[PDB]
Amino acid sequence: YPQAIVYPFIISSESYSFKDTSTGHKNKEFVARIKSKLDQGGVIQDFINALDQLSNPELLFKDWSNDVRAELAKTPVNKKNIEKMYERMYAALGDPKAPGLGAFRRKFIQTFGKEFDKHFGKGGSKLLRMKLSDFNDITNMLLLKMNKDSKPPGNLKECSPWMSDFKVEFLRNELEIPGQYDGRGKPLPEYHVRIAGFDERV
Amino acid sequence: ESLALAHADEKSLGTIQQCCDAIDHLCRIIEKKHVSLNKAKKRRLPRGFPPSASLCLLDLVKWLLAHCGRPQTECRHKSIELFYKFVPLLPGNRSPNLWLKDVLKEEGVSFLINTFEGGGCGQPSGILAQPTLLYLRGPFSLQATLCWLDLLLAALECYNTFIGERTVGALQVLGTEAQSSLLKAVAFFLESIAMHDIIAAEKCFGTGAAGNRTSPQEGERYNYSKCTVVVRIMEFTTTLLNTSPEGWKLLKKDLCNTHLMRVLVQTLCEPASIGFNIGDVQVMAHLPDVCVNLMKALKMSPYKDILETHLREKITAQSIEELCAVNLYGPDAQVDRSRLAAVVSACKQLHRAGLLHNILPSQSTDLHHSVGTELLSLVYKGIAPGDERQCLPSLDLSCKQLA
């Protein structure tokens with residue numbers, strides 16, 4: 001049953017660690033094999049990205065005001081762990097062309113990428129370099145983002161092309177509606193309802 | 001696309017019928033307005049089409065030709081129908097043969113090969129991606145195994161339709177120019193999958209490493225799709241032999257002509273051994289016609305000797321003599337009656353093709369057929385009481401029919 005395992009495995013694999021002993025290397029190898037058998041197909045990641053394109057593209061920045069403010073101050077040791085932060089944003093907010101990208105996020109990129117690039121620039125080095133109360137510019141960015149959203153995205157075509165033009169063809173693109181393995185009192189058939197399409201109205 | 005979506009449906013609903021009527025109405029709409037739709041105006045972009053500024057009917061016929069290799073049955077049939085009905089309405093009045101010449105010439109034969117074997121459109125798939133059922137991965141299921149058979153059915157249908165109507169030459173389209181994968185799939189199905197059951201389709205503890213189970217209806221569902229492909233193989237062979245005078249050299253690329261004769265003579269003697277299910281007259285009515293047509297195709301080809309040689313062991317003038325009178329007209333032993341009926345039906349089918357004398361020739365040479373005389377005598381004396389035990393045989397519906 002490679003789905004009821006794949007969702008919690010993707011949830012858990014975000015935060016892992018491994019020791020330098022032989023047992024740690026064995027665990028790392030086993031996790032690598034599990035990921036290898038679980039990452040086949042690629043339909044799950046496409047579904048995840050398509051559902052992530054439905055997210056409001058300024059609230060993700062608003063939680064940034066919730067995250068790096070934790071870095072601001074304290075930090076007797078600032079550390080280099082904020083290097084994954086900029087990759088996480090630029091893979092979802094900063095990239096002019098990303099897989100599954102719709103028109104709404106493309107417009108947000110075209111209207112704010114150069115803005116925050118000239119605002120900070122090479123954000124990995126600058127954020128650790130400067131540490132003071134200069135971060136009040138989040139209000140200046142967020143007011144413009146809040147008055148720039150304007151109308152809701154509406155239909156699925158402007159949200160995500162993958163969901164609008166989803167199509168199940170033979171011997172591939174197999175997807176199952178999540179939340180069907182109850183795991184109680186009986187084994188599950190795997191007849192489980194599969195995904196055939198999405199309604200165009202959001 | 002709605003017709004293609006209605007593949008996994010039932011014939012009682014009427015979706016196929018209504019969608020077909022809608023497609024015919026549309027077809028008539030273009031056929032009455034083709035001169036205005038030929039010019040490249042700016043029209044709405046249909047789903048699945050590449051982005052562009054101007055739409056022509058030529059783009060529509062190219063889309064139909066590309067989607068001619070659809071795994072779905074009715075949608076593929078209609079795709080070929082629209083293609084052949086819409087090619088004449090181009091700016092020229094050229095036949096589809098001449099049109100495919102220049103289109104093949106611009107892009108080589110490999111374009112047509114990828115169209116036929118692509119298993120649809122877009123991403124590479126179909127028998128070219130999976131020539132045999134050994135290329136698949138994952139746990140084997142009854143839903144997944146039928147897809148290969150559907151892809152083979154689609155490839156056979158497009159090749160037969162584009163060869164039998166004198167559209168593209170067989171040597172040009174399936175010769176030695178490039179990879180074909182059609183002969184390989186046909187040989188793999190005829191030798192390794194045909195004359196077998198689902199337990200042989202699942203191999204024997206392959207990469208799945210799971211015995212699992214098999215529902216009783218799963219066997220019938222697999223057998224329907226299995227028997228659907230052997231028939232199309234028979235019309236494919238018949239079409240090749242009848243259309244290509246030099247088609248025997250390409251037929252040698254089958255590499256399993258012995259297995260083709262095996263399935264032919266097994267369909268002769270007892271069709272239900274392969275998997276042909278009784279109950280529907282429609283499926284079993286087409287079987288003798290295609291068998292006779294295949295026989296008449298092989299007889300006028302340099303394959304008469306091998307066909308006759310493989311045929312004799314199955315139908316022999318001595319086997320009928322030793323089987324025709326074994327406790328006949330009895331209340332029991334219906335298996336002998338069924339075997340005699342199967343043998344006589346095979347003899348009738350051999351007479352239809354015109355090979356009855358060769359399979360069972362005269363052995364007396366006295367102006368009187370040896371086997372026919374003995375059959376007459378057996379029928380004429382089997383209704384007699386026999387000896388002097390004063391017992392008159394009784395005849396039922398089956399006994400009278402066999403006599």
# chains A, B, ... in the order shown; residues from 1 in each chain; ligands from 1
$ closest_atom_pairs --of "chain B" --to "chain A" --cutoff "9 Å" --atoms "only C-alpha atoms" --output "JSON lines"
{"residue": "B:47", "atom": "CA", "partner": "A:165", "partner_atom": "CA", "distance": 8.6}
{"residue": "B:48", "atom": "CA", "partner": "A:165", "partner_atom": "CA", "distance": 8.8}
{"residue": "B:71", "atom": "CA", "partner": "A:170", "partner_atom": "CA", "distance": 8.3}
{"residue": "B:119", "atom": "CA", "partner": "A:170", "partner_atom": "CA", "distance": 8.9}
{"residue": "B:125", "atom": "CA", "partner": "A:171", "partner_atom": "CA", "distance": 8.9}
{"residue": "B:136", "atom": "CA", "partner": "A:171", "partner_atom": "CA", "distance": 8.7}
{"residue": "B:144", "atom": "CA", "partner": "A:171", "partner_atom": "CA", "distance": 6.7}
{"residue": "B:147", "atom": "CA", "partner": "A:170", "partner_atom": "CA", "distance": 6.7}
{"residue": "B:148", "atom": "CA", "partner": "A:171", "partner_atom": "CA", "distance": 8.7}
$ write_last_selection --atoms "N, CA, C and O atoms" --output "mmCIF file, in the first residue's frame"
data_model
loop_
_atom_site.group_PDB
_atom_site.id
_atom_site.type_symbol
_atom_site.label_atom_id
_atom_site.label_comp_id
_atom_site.auth_asym_id
_atom_site.auth_seq_id
_atom_site.Cartn_x
_atom_site.Cartn_y
_atom_site.Cartn_z
ATOM 1 N N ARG B 47 -9.459 22.530 -26.624
ATOM 2 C CA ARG B 47 -8.576 21.937 -25.630
ATOM 3 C C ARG B 47 -7.752 20.813 -26.249
ATOM 4 O O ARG B 47 -8.230 20.062 -27.105
ATOM 5 N N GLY B 48 -6.487 20.729 -25.840
ATOM 6 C CA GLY B 48 -5.559 19.762 -26.376
ATOM 7 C C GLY B 48 -4.773 20.231 -27.582
ATOM 8 O O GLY B 48 -3.748 19.623 -27.910
ATOM 9 N N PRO B 71 -6.057 4.256 -27.717
ATOM 10 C CA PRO B 71 -6.406 2.949 -27.133
ATOM 11 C C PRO B 71 -7.902 2.707 -27.036
ATOM 12 O O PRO B 71 -8.334 1.547 -27.055
ATOM 13 N N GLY B 119 0.226 4.819 -28.944
ATOM 14 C CA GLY B 119 -0.733 4.588 -27.875
ATOM 15 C C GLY B 119 -1.469 5.836 -27.442
ATOM 16 O O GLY B 119 -1.662 6.058 -26.240
ATOM 17 N N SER B 125 4.221 6.233 -25.439
ATOM 18 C CA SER B 125 3.574 5.119 -24.758
ATOM 19 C C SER B 125 3.144 4.111 -25.818
ATOM 20 O O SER B 125 3.628 4.138 -26.955
ATOM 21 N N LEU B 136 6.201 -3.732 -17.960
ATOM 22 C CA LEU B 136 5.403 -3.086 -16.931
ATOM 23 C C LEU B 136 6.036 -3.280 -15.557
ATOM 24 O O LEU B 136 6.846 -4.182 -15.335
ATOM 25 N N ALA B 144 -4.778 -3.355 -14.939
ATOM 26 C CA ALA B 144 -3.567 -2.920 -15.626
ATOM 27 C C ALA B 144 -3.191 -3.824 -16.794
ATOM 28 O O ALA B 144 -2.631 -3.341 -17.784
ATOM 29 N N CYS B 147 -4.717 -3.074 -20.377
ATOM 30 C CA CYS B 147 -4.295 -1.885 -21.111
ATOM 31 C C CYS B 147 -3.329 -2.233 -22.237
ATOM 32 O O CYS B 147 -3.397 -1.645 -23.322
ATOM 33 N N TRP B 148 -2.444 -3.190 -21.955
ATOM 34 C CA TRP B 148 -1.494 -3.638 -23.001
ATOM 35 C C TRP B 148 -2.313 -4.181 -24.171
ATOM 36 O O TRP B 148 -2.066 -3.760 -25.314
#
$ select_by_dssp --residues "region 4-172 of chain A" --states "helix (DSSP H, G or I)" --output "NGL selection string"
:A and (6-13 or 22-38 or 43-52 or 59-71 or 83-94 or 103-119 or 123-129 or 133-148 or 156-159 or 161-164)
$ atom_distance --atom1 "CA of residue 21 (chain B)" --atom2 "CA of residue 68 (chain B)"
19.4 Å
$ atom_distance --atom1 "CA of residue 230 (chain B)" --atom2 "CA of residue 76 (chain B)"
19.1 Å
$ atom_distance --atom1 "CA of residue 4 (chain B)" --atom2 "CA of residue 75 (chain B)"
5.1 Å
$ residues_around --residues "residue 16 (chain A)" --least-positions-apart "3" --cutoff "10 Å" --atoms "only C-alpha atoms" --output "compact mmCIF listing (two decimals) with C-alpha atoms, in the first residue's frame"
# COMPACT_ATOMS: atom_id res chain seq x y z
CA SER A 12 8.19 13.20 8.34
CA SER A 13 11.11 13.37 5.87
CA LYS A 28 20.09 6.58 6.08
$ residues_around --residues "residue 233 (chain B)" --least-positions-apart "3" --cutoff "10 Å" --atoms "only C-alpha atoms" --output "PyMOL selection string"
chain B and resi 152-153+156-157+160+186+189-190+228-230+236-239+260
$ write_last_selection --atoms "C-alpha atoms" --output "CSV table (one decimal), in the first residue's frame"
chain,number,residue,atom,x,y,z
B,152,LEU,CA,-2.2,-3.9,-29.2
B,153,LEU,CA,-5.8,-3.8,-30.4
B,156,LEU,CA,-3.6,-3.6,-35.1
B,157,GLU,CA,-6.7,-1.6,-36.0
B,160,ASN,CA,-5.1,-2.9,-40.8
B,186,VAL,CA,2.2,-10.0,-32.3
B,189,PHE,CA,1.1,-12.5,-27.9
B,190,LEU,CA,0.7,-15.4,-30.3
B,228,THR,CA,-10.5,-10.1,-29.2
B,229,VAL,CA,-6.8,-9.8,-30.3
B,230,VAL,CA,-6.4,-13.2,-32.0
B,236,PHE,CA,-4.3,-8.5,-40.2
B,237,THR,CA,-2.7,-11.6,-41.8
B,238,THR,CA,-5.5,-12.0,-44.3
B,239,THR,CA,-5.2,-8.3,-45.3
B,260,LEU,CA,-0.1,-18.8,-35.9
$ residues_around --residues "residue 249 (chain B)" --least-positions-apart "2" --cutoff "12 Å" --atoms "only C-alpha atoms" --output "PyMOL selection string"
chain B and resi 170-171+174-176+240-241+244-247+251-255+301-303
$ residues_around --residues "residue 402 (chain B)" --least-positions-apart "6" --cutoff "8 Å" --atoms "only C-alpha atoms" --output "ChimeraX atom specification"
/B:337,340-341
$ closest_residue --among "A:103, A:91, A:4, A:138" --to "residue 49 (chain A)" --atoms "only C-alpha atoms"
A:91
$ residues_around --residues "residue 155 (chain A)" --least-positions-apart "5" --cutoff "9 Å" --atoms "only C-alpha atoms" --output "ChimeraX atom specification"
/A:164,199-202
$ write_last_selection --atoms "C-alpha atoms" --output "PDB file, in the first residue's frame"
ATOM      1  CA  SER A 164      -7.689  22.489 -14.938  1.00  0.00           C
ATOM      2  CA  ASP A 199     -14.575  21.154 -10.983  1.00  0.00           C
ATOM      3  CA  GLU A 200     -13.467  24.376 -12.648  1.00  0.00           C
ATOM      4  CA  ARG A 201     -15.025  26.700 -10.037  1.00  0.00           C
ATOM      5  CA  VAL A 202     -13.129  27.563  -6.841  1.00  0.00           C
TER       6      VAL A 202
END
$ decode --residues "region 28-163 of chain B" --atoms "C-alpha atoms" --output "CSV table (one decimal), in the first residue's frame"
chain,number,residue,atom,x,y,z
B,28,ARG,CA,-22.2,17.1,-41.7
B,29,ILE,CA,-21.7,20.7,-40.5
B,30,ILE,CA,-18.1,20.8,-41.7
B,31,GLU,CA,-19.0,18.8,-44.9
B,32,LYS,CA,-21.5,21.5,-45.8
B,33,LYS,CA,-19.2,24.4,-45.0
B,34,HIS,CA,-15.6,23.3,-45.8
B,35,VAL,CA,-14.8,26.1,-48.2
B,36,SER,CA,-15.3,28.7,-45.5
B,37,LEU,CA,-13.5,26.7,-42.8
B,38,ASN,CA,-10.5,26.1,-45.1
B,39,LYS,CA,-9.2,29.7,-44.9
B,40,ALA,CA,-7.1,30.4,-41.8
B,41,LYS,CA,-9.3,32.7,-39.8
B,42,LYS,CA,-9.0,33.4,-36.0
B,43,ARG,CA,-11.2,30.9,-34.1
B,44,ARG,CA,-11.5,29.6,-30.6
B,45,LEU,CA,-8.7,27.3,-29.5
B,46,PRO,CA,-10.0,23.8,-28.6
B,47,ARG,CA,-8.6,21.9,-25.6
B,48,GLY,CA,-5.6,19.8,-26.4
B,49,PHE,CA,-4.5,21.8,-29.4
B,50,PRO,CA,-1.1,23.6,-29.4
B,51,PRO,CA,-1.4,27.4,-29.0
B,52,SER,CA,-1.6,29.4,-32.2
B,53,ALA,CA,-3.2,32.4,-33.8
B,54,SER,CA,-5.1,31.0,-36.8
B,55,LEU,CA,-7.0,27.7,-37.1
B,56,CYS,CA,-7.5,25.7,-40.3
B,57,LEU,CA,-9.2,22.4,-41.1
B,58,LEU,CA,-5.8,21.0,-41.9
B,59,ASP,CA,-4.9,21.4,-38.2
B,60,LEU,CA,-8.0,19.4,-37.3
B,61,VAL,CA,-7.2,16.6,-39.7
B,62,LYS,CA,-3.6,16.5,-38.4
B,63,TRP,CA,-5.0,16.2,-34.9
B,64,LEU,CA,-7.3,13.4,-36.0
B,65,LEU,CA,-4.4,11.6,-37.7
B,66,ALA,CA,-2.2,12.0,-34.5
B,67,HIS,CA,-5.0,10.7,-32.3
B,68,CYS,CA,-5.9,7.8,-34.7
B,69,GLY,CA,-3.8,5.5,-32.5
B,70,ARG,CA,-6.1,5.9,-29.5
B,71,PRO,CA,-6.4,2.9,-27.1
B,72,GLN,CA,-10.2,3.6,-26.9
B,73,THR,CA,-12.1,1.7,-29.5
B,74,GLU,CA,-15.1,3.8,-30.6
B,75,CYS,CA,-13.1,7.0,-30.5
B,76,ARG,CA,-10.4,5.5,-32.6
B,77,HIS,CA,-12.9,4.2,-35.1
B,78,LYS,CA,-14.5,7.6,-35.4
B,79,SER,CA,-11.0,9.2,-35.6
B,80,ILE,CA,-10.2,7.2,-38.7
B,81,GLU,CA,-13.8,7.9,-40.0
B,82,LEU,CA,-13.4,11.7,-39.7
B,83,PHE,CA,-9.8,11.5,-41.1
B,84,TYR,CA,-10.9,9.7,-44.3
B,85,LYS,CA,-14.0,11.8,-44.6
B,86,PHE,CA,-12.1,15.1,-44.2
B,87,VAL,CA,-8.9,14.6,-46.2
B,88,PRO,CA,-10.7,15.3,-49.5
B,89,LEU,CA,-12.0,18.6,-48.2
B,90,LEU,CA,-8.5,20.1,-48.1
B,91,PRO,CA,-7.4,22.9,-50.5
B,92,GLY,CA,-6.5,20.1,-52.9
B,93,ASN,CA,-8.7,17.2,-54.0
B,94,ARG,CA,-5.9,14.6,-53.5
B,95,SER,CA,-6.7,11.1,-52.2
B,96,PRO,CA,-5.5,10.1,-48.7
B,97,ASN,CA,-2.8,7.9,-50.4
B,98,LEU,CA,-1.2,10.9,-52.2
B,99,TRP,CA,-1.6,13.1,-49.1
B,100,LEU,CA,0.1,10.6,-46.9
B,101,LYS,CA,2.8,10.2,-49.5
B,102,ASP,CA,3.8,13.9,-49.2
B,103,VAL,CA,3.2,14.1,-45.4
B,104,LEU,CA,5.2,10.8,-45.0
B,105,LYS,CA,7.8,12.3,-47.4
B,106,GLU,CA,8.2,15.5,-45.4
B,107,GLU,CA,8.6,13.6,-42.1
B,108,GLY,CA,9.8,10.1,-43.1
B,109,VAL,CA,8.0,6.8,-42.2
B,110,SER,CA,8.9,7.2,-38.5
B,111,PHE,CA,6.2,9.8,-38.1
B,112,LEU,CA,3.6,7.3,-39.3
B,113,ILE,CA,5.2,4.6,-37.1
B,114,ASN,CA,5.0,6.8,-34.0
B,115,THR,CA,1.5,7.8,-34.9
B,116,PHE,CA,0.3,4.2,-35.1
B,117,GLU,CA,2.4,2.8,-32.2
B,118,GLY,CA,2.2,5.8,-29.9
B,119,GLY,CA,-0.7,4.6,-27.9
B,120,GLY,CA,-2.5,7.9,-28.1
B,121,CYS,CA,-0.7,11.2,-28.3
B,122,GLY,CA,1.9,13.3,-26.5
B,123,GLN,CA,4.1,11.3,-24.1
B,124,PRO,CA,5.6,8.2,-25.7
B,125,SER,CA,3.6,5.1,-24.8
B,126,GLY,CA,1.8,2.2,-26.4
B,127,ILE,CA,3.5,-1.0,-27.7
B,128,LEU,CA,6.5,1.1,-28.6
B,129,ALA,CA,7.0,2.0,-24.9
B,130,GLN,CA,5.9,-1.5,-23.8
B,131,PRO,CA,6.3,-4.0,-26.7
B,132,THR,CA,5.7,-7.0,-24.2
B,133,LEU,CA,4.0,-7.3,-20.9
B,134,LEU,CA,7.4,-7.7,-19.3
B,135,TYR,CA,8.1,-3.9,-19.5
B,136,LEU,CA,5.4,-3.1,-16.9
B,137,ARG,CA,6.2,-2.4,-13.3
B,138,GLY,CA,4.3,-2.7,-10.0
B,139,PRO,CA,1.8,-5.2,-8.6
B,140,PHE,CA,-0.1,-6.9,-11.4
B,141,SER,CA,-3.8,-6.3,-11.4
B,142,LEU,CA,-6.7,-7.2,-13.7
B,143,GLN,CA,-7.2,-3.5,-14.6
B,144,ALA,CA,-3.6,-2.9,-15.6
B,145,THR,CA,-3.0,-6.0,-17.8
B,146,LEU,CA,-5.9,-5.2,-20.1
B,147,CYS,CA,-4.3,-1.9,-21.1
B,148,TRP,CA,-1.5,-3.6,-23.0
B,149,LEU,CA,-4.1,-5.7,-24.9
B,150,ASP,CA,-6.0,-2.5,-25.7
B,151,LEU,CA,-2.9,-0.8,-27.0
B,152,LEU,CA,-2.2,-3.9,-29.2
B,153,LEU,CA,-5.8,-3.8,-30.4
B,154,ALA,CA,-5.4,-0.1,-31.4
B,155,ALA,CA,-2.1,-0.7,-33.2
B,156,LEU,CA,-3.6,-3.6,-35.1
B,157,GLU,CA,-6.7,-1.6,-36.0
B,158,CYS,CA,-4.8,1.4,-37.4
B,159,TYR,CA,-2.4,-0.8,-39.3
B,160,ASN,CA,-5.1,-2.9,-40.8
B,161,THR,CA,-7.2,0.2,-41.7
B,162,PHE,CA,-4.3,2.0,-43.3
B,163,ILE,CA,-3.1,-1.1,-45.2
